[PDB]
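In the block that follows, a single chain appears as structure tokens, in the form deposited in one PDB entry.
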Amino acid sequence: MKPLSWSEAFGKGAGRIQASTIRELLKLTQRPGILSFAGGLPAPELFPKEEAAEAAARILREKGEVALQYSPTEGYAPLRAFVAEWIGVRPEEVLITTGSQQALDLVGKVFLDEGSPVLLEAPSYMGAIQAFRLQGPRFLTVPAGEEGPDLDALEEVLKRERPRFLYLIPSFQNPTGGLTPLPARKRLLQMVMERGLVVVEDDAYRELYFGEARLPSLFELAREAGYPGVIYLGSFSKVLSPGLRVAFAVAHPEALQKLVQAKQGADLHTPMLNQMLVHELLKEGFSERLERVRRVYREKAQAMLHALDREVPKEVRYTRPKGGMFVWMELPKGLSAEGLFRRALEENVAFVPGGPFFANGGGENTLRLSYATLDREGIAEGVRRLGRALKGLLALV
């Protein structure tokens, strides 16, 4: 017989398919005894388990025939309505998705072809890179700094290339924590409007602001200006339950129709029980829930910064968050994050090495830390161990 060799049987796509270190690391971090600063896993004590149990049961008893049946792709109507009210659009402009990860998959399918340019920050969210990579695009990057993307570098890229879209996370970027301030958002919008460019705005961390208010999204600025080119991505993952896999894409009807049709082939539709459950949980008390979310992450972030300031040598650089889940660390004198990873893990501490957040490589001396999962005690202890680990490595470079 002719042998079957898998490497041979695979299409060219398969070579662009690689594991996510974030996804893989969860197998390690969910194990008892690990102090995790790895994945952006929401604080478990914010899970409304009792309320979820009541809501799920009522949905299934009274609306079982709907929760358990096939449903149209666009989403459970009341959820589309609720998202529409919150974001300030019409329901028919909302698509419910299977996590914002799916929306990333969908936008890559709709806009990217082999060799097509796509613009994102270096570093940016590895899951977006992973999703877009499948299409075989050319990644164009600009540095991400404490004030979001380098707009001068962006202006230079735009003189040379026409990206299929710009993928951005203006509000507490994954992984740097950067917040793009209002003037830069307006400058960005101007650059995109002048060139009629598409922006995919990933707003996973929208509500996790630590300060008095949130900044207007690029989507809200675009809507004010009457510009139709911002595709807006939001998620219930960081505010309620990541495991429910319920999120949304809001877009111009032409773009949304393509995202809908791509979704039909991706999974038919997002599980109906899950969408119903989100809507039942959020339809009353959402602002109050969001206030608590903000406080819980603000306190964790404060504990995180207090411990880093005390335990980490001053030669090591790290960002200070104004929101979201992450601190971004840069190691000096050529230290490897993978080296540090090894040491820390021996001390039961996990983080994410920064390398794979760089779509074109580099960043071997960087790492992302999440303060979302651990309580204050665990944050302090975990950072003490990391600090110990760094000093040992710094001693021996």
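Residue positions are given as counts along the sequence shown, with the first one as 1. C-alpha atoms forming the largest set that superposes within 1.5 Å between two forms make up the rigid core.
- Mean C-alpha B-factor is higher over 328-336 than over the other stretch, the pair under comparison being 51-59 and 328-336.
- Relative to its counterpart among 258-266 and 310-318, 310-318 has the higher mean temperature factor, C-alpha atoms as listed in the PDB entry.
- Across the residues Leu367, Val66, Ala359, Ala38, the deposited record lists the maximum Cα B factor for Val66.
- Reading the B-factor column for the CA atoms of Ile129, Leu189, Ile96, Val118 in the entry, the top value corresponds to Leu189.
- Per the deposited record, the Cα B-factor of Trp86 falls in the highest third when ranked against the other modelled residues of its chain.
- Among the modelled residues of its chain, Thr21 has a C-alpha B-factor that falls in the lowest third, as given in the PDB entry.
- Split the chain's modelled residues into thirds by C-alpha temperature factor. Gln135 is in the middle one.
- Looking at the C-alpha B-factors along this chain, the one for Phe165 belongs to the lowest third.
- In this PDB entry, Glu201 carries a Cα temperature factor that places it within the lowest third of its chain's modelled residues.
Unshown form deposited in another entry; subsequent notes refer to it.
- Rigid-core fit between this form and the one not shown: of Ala67, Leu46, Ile34, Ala55, the one residue whose Cα shifts 2 angstroms or more is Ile34.
- With the core held fixed, the Cα of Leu25 is displaced between this form and the one not shown by 2 Å or more.
- Fitting the two forms on the rigid core leaves the C-alpha of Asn348 displaced by at least 2 angstroms between this form and the one not shown.
- Note on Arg23 and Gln101: their C-alpha atoms are more widely spaced in that other deposited form, a change of at least 3 Å from this conformation.
- Put simply, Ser7 and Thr21 come closer in that other deposited form: their C-alpha atoms are 3 Å or more nearer than in the form shown.
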